[PDB]
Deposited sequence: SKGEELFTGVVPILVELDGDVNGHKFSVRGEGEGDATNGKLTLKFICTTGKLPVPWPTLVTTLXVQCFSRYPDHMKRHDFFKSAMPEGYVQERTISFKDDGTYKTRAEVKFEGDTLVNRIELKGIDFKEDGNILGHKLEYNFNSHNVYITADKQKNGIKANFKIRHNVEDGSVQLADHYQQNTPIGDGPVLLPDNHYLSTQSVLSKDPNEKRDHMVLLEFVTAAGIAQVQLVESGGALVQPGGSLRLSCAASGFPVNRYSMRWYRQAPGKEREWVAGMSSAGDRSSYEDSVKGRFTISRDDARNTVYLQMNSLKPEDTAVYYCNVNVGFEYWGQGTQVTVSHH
């Protein structure tokens, strides 16, 4: 419903009033988000003069509604679902061996503009530490924001550890705890556990003498696979011996699709071994393994098997299971070794 708003490039406005250890400041920023590409372009300015904290410490605080949710996960996007009326975003950010940011923001549409308005309160910072002492490199790393649903408050919670590069070669950790709740009474999408993969790049406007930050960001949602295969049963076995592989299938009925086994020996190419028809009325085997190997499936437990008999050293490989439901899927594989 709210997703329709993010189809195009949307003008962004960011407004932050901070206080850290009594040091007060204001940040203002403008740009355009594109959810369609999961892209952000913004320029921020300290309007109060010089910024008392490093710019990277403000990055996570300064619009996750611009994240790119792939089609399959679009049901899991809380952020766009709460718009235009928006959501409240609250964080407690703990810098290790140093002070803490506490933040409260409202991200809503005002006119055609999406507005992030934040109040930020820092405390317990060491004046000689990495933040107030400006010891952090100007850049930003890539992180995964782990999202769970908050059903009690009709919103989400998030947990992630931000890694800030320190100029002496060390790292400054910022523990993020996040909770969002929508502004309106309108119903919202509450997702299952997933994560946002975020990468940012920081820079400066060559012509700008005010204390500022130019920010490009890419966020894309992930962490749920519609289909999953897990192989099991691999082991080390003497020549002439026998073992059985099992694959646990998820995301689809095993009896509505054909399933195949592949194997890859070291240095050689991955080859098809065995397979069976979706109906289960036909099964096929590659020439190397014919008569030795047998494929089968259990419709009830949604699992597929490969029985391997009269094993030879040449059968040594990593064995994979394979299915195509609109898309091809593989398992992580399982290692069988035949020696001597």
Counting from residue 1 of the deposited sequence, where are the gaps with no C-alpha coordinates? 1, 64, 343
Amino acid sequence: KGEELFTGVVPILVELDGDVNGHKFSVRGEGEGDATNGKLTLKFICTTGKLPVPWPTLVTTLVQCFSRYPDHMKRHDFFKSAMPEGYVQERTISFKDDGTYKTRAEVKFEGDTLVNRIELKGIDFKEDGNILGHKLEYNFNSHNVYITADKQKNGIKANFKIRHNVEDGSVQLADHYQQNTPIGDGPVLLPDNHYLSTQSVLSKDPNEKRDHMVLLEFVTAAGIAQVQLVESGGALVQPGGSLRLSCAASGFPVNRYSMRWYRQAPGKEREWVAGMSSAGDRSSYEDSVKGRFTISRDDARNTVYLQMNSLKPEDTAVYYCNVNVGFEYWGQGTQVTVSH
From here on, numbers count along this sequence of modelled residues.
Higher of the two mean Cα B-factors (31 to 39, 268 to 276; per PDB record) comes from 31 to 39
Comparing average C-alpha B factors as deposited, tell me which of 183 to 191 and 124 to 132 sits higher. 183 to 191
Just the C-alpha B-factor column, please: which of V145, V171, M73, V230 has the biggest number? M73
Per the PDB entry, which option out of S283, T48, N302, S288 has the greatest Cα B factor? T48
In terms of the chain's CA B-factor thirds, is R68 lowest, middle or highest? highest
Could you look up the Cα B-factor of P253 in the entry and say which third of the chain it sits in: lowest, middle or highest? lowest
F79 CA temperature factor, ranked by third within the chain: highest
Can you work out whether the C-alpha temperature factor of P239 puts it in the lowest, middle or highest third of the chain? highest
When the modelled residues of the chain are sorted by Cα temperature factor, does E106 land in the lowest, middle or highest third? middle
